[PDB]
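Asker: For the protein sequence lines, the chains are B and A, in the order given.
Going by PDB author numbering, the first sequence opens with residue 0, and the numbers climb by one from there.
Going by PDB author numbering, the second sequence opens with residue 1, and the numbers climb by one from there.
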Amino acid sequence: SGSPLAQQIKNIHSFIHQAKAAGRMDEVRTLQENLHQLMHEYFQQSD
Amino acid sequence: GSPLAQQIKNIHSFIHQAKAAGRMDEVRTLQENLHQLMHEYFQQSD
Ligand SMILES: [Zn+2]
Ligand SMILES: [Zn+2]
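(1) By the 8 Å beta-carbon criterion, what residues does the region 2-28 of chain A contribute toward chain B?
(2) Counting only C-beta atoms, is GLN44(A) closer than 8 Å to chain B at any point?
(3) Mind checking which residues open and close the alpha helix (DSSP H) that includes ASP46(A)?
(4) Quick one: is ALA20(B) buried, meaning 16 or more other Cβ sit within 10 Å of its Cβ, or exposed?
(5) Does DSSP put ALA21(A) in a helix, a strand or coil?
(6) Below 8 Å, how does it come out for the region 32-43 of chain B and the region 7-16 of chain B: are there three or more Cβ pairs, yes or no?
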């Protein structure tokens with residue numbers, strides 16, 4: 000089954016590029032933190 | 001479990017190993033590689 004967390008990562012990564020494309024660099028830097036946090040949890044071990 | 005996903009997972013593991021060993025320059029380099037590879041992997045491409 001698809002991870003909703005993986006989709007959340009894809010979405011925030013896309014959002015970061017979209018925000019950058021509008022010059023919203025302060026929002027970008029906060030979203031980068033969120034992206035890194037979501038990846039940190041996604042790449043933890045289940046077992 | 002795909003090869004490019006596993007690669008990112010493993011870099012992430014190595015980041016935490018390097019942090020636990022206080023290797024700041026190693027961490028910085030690994031983070032750079034992780035972010036580059038993340039970009040390519042998680043972008044939804046044509
Ligand atoms: Zn982490
Ligand atoms: Zn990117």
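Built from N, CA and C at the ideal position, the CB exists for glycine as well.
Answerer: According to the structure shown:
(1) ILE8, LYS9, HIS12 and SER13
(2) Start at 1 with the first residue of the second sequence, and residue 44(A) comes out as number 44. Closer than 8 Å: yes.
(3) By one-based count along the second sequence, residue 46(A) stands at place 46. Looking at the DSSP string, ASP46(A) is not in any alpha helix (DSSP H), and its letter there is neither H nor E.
(4) As a first step, residue 20(B) must be located in the first sequence, where it is residue number 21. Burial call: exposed.
(5) One-based indexing of the second sequence puts residue 21(A) at position 21. Coil at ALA21(A), not helix or strand.
(6) In short, these stretches touch, since the Cβ pair count reaches three.
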